[PDB]
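What's counted below: heavy atoms across the whole structure, side chains too, no hydrogens, waters or symmetry copies. Throughout, numbering of the chain's residues begins at 1 and tracks the sequence.
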Amino acid sequence: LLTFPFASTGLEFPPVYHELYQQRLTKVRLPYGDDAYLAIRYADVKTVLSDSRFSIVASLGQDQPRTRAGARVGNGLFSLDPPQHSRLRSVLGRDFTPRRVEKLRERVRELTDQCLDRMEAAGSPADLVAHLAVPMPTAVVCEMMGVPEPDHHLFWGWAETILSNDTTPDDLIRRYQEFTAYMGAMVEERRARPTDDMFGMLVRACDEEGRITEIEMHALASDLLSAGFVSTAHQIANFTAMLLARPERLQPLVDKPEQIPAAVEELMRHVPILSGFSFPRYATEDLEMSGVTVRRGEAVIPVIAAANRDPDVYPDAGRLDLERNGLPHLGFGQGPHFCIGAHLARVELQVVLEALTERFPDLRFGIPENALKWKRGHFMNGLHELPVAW
Ligand code: HEM
Ligand SMILES: CC[C@H]1[C@@H]2C=C[C@@H]3[C@H]4C/C=C\C(=O)NCCC[C@@H]5NC(=O)/C(=C(O)/C=C/[C@@H]4C[C@@H]3[C@H]2C[C@H]1C)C5=O
């Protein structure tokens, strides 16, 4: 069988997809676990993520298709189908609606400003990744939850083990052991004095309301502290890099600040954030997909990066047109597991571009472009460093 993931470097979209779009659904072999079909068409990836005939749970003895040694199993939102998924997620729901998240815009700019003060203080050329991409989204969610600043490094280390393809079940055991004790302390302390942060709301939901159990309370906090900043950090650098590599660099968004939200959406469609793939889904009944009968139990991988370049949904899909304003990308997913932080991420990315254009309109790469240190063979695509000058 065709091997997957496919060869690519940086944010390169590999040409093999232009072949597969014209072809029927094709089966592939993965680094670990069972084989799977590759959903790449826009409508198919949508069906995998939102049709109730595709379950995220391997309830038929499947060995999960994956790029990581130890399979991704736990008690959080990615381990559940509706309605069970829907009940647990509703514990967090109200805190991530657009109405709640628009309120954080001011603070997001505050932290973004503080990061750039430090970056500018360090002198040109400086590493945008270390000075902004990493600290800002980390600070945002950690202070949403109630995690103090000097412990941020701990949650970065835990998050990277989850996302590293060389993680064994043993490392995941270690992470789990270390994360449970740390959150174990915050629980005791919030039981000994309430606080108006988000982990404190989880403690009320477990202890006062009986809505959730202790391990569910822990799981939800793990989900948000694992999925909640590393992806944004990668995108801040990926987006800036895409923009700085063009002749006009940031000038168009300097000239037309009102077009920043669209640029954020276009970049979300264009950037192949993933080197691997997310969770496979499993057909719960026989069904037809791009000329193939997918049988009950068989796995299908939703390749978000290919959906976002469907040749019939997006004309000239390889072109980054910040005015494209195309049909809705699947970059935050779709259906039940559609990113709970989608708006927070849009807010974070919009503000970063506001602050960078208003402050460094002549931003530019600080090293030659071909010297850039793209991460090789990682789960997410991105940069080890992003030197910038101004
Ligand atoms: C650019 C930044 C981000 C991107 C590209 C992104 C993308 C995604 C995607 C595509 C999914 C669905 C994956 C699948 O269904 O297989 C997802 C799920 C999730 N994301 Fe995000 N996300 C981003 C930022 C965030 C932020 C800021 C948060 C903060 C809460 C977050 C928390 C989550 C959680 C908890 C889930 C699982 C939800 C569920 O299973 O119900 N992500 N993300
Ligand atoms: C740019 C967007 C990214 C996105 C960003 C973060 C998510 C990752 C982290 C989310 C949750 C999390 O760790 N919770 C702790 C429970 C343990 C449980 N046990 C596992 O082993 C496990 C995983 O490995 C999960 C991997 C998630 C892949 C997700 C990524 C897919 C892309 C679309 C579990 O869910």
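- With respect to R193 and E189, a salt bridge is recorded, a charged nitrogen being found less than 4.0 Å from a carboxylate O.
- In this structure, CD in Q251 is found 12.0 Å from CG in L243, a value given to the nearest 0.5 Å.
- Under a 3.5 Å cut-off, the side chain of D286 and the backbone N or O of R296 do form a donor-acceptor pair.
- Residues in residues 300-311 take part in these salt bridge (charged side-chain N to carboxylate O under 4.0 Å, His left out) pairs, two or more places apart or across chains: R41-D310.
- Note on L60 and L80: separate hydrophobic clusters, where clusters join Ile, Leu, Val, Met, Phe, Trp and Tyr whose side-chain heavy atoms are under 4.5 Å apart, directly or indirectly.
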Run the numbers on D207 and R190 for side-chain contact (heavy atoms from CB on, under 4.5 Å), then give the verdict. CA-CA 11 Å; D207 290 324; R190 306 274 208 310; over 6 Å; no
For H384 and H378, what are the C-alpha separation, side-chain angles and deciding distance, and is it a side-chain contact (heavy atoms from CB on, under 4.5 Å)? CA-CA 11 Å; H384 292 284; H378 278 68; 4.3 Å; yes
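- Not a single donor-acceptor pair under 3.5 Å links the side chain of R249 to the backbone N or O of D362.
- With 3.5 Å as the limit, one finds no donor-acceptor pair spanning the side chains of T168 and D170.
- For the ring pair (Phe, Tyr, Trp, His ring centres under 6.0 Å) condition, no pair includes a residue of residues 44-67, sequence neighbours left out.
- Panel note: side chain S222, backbone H218; no donor-acceptor pair is recorded below 3.5 Å.
- Counting heavy atoms from C-beta on, the side chains of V129 and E385 never come closer than 4.5 Å.
- Residues satisfying the ring-ring contact (aromatic ring centres under 6.0 Å, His included) test with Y37, not counting sequence neighbours, are none.
- Remark: aromatic rings of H343 and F332 are distant, center separation not under 6.0 Å.
- In this structure, the side chain of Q62 engages the main chain of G297 through a donor-acceptor pair within 3.5 Å.
- For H131, there are no ring-ring contact (aromatic ring centres under 6.0 Å, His included) partners, not counting sequence neighbours.
- With sequence neighbours excluded, the residues that form a side chain to side chain contact (heavy atoms under 4.5 Å, CB included) with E208 are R204.
- Of the possible donor and acceptor atoms, one in the side chain of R324 sits under 3.5 Å from a partner among the backbone N and O of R319.
- In terms of the side-chain hydrogen bond (donor to acceptor under 3.5 Å, both in side chains) criterion, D223 has no residue partners (sequence neighbours excluded).
- Evaluation of the ring pair (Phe, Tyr, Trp, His ring centres under 6.0 Å) test over residues 254-277, restricted to residues two or more places apart or in two chains, returns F4-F277.
- Under the rule for a side-chain hydrogen bond (donor to acceptor under 3.5 Å, both in side chains), the partners of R109 that lie at least two apart in sequence or sit in another chain are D113, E358.
- With values rounded to the nearest 0.5 angstrom, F13 atom CZ is found 9.5 Å from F6 atom CZ.
- For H234, the side-chain hydrogen bond (donor to acceptor under 3.5 Å, both in side chains) partners at least two apart in sequence or on another chain are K375.
- Side-chain contact annotation: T161 with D171, donor-acceptor N/O pair under 3.5 Å absent.
- Sequence neighbours left out, the pairs with a member in residues 69-83 that pass side chain to side chain donor-acceptor pair (under 3.5 Å) are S55-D81.
- At least one donor-acceptor pair closer than 3.5 Å links the side chain of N238 to the backbone N or O of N381.
- Grouping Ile, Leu, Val, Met, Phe, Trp and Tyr by side-chain contacts under 4.5 Å, direct or through others, puts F279 with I56, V57, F78.
- Taking the side-chain hydrogen bond (donor to acceptor under 3.5 Å, both in side chains) definition, one finds that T67 meets it with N165, sequence neighbours left out.
- Side-chain atoms of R211 never come within 3.5 Å of backbone atoms of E209 as a donor-acceptor pair (strictly under, hydrogens ignored).
- Salt bridge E265/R346: present, at least one basic N to carboxylate O contact under 4.0 Å.
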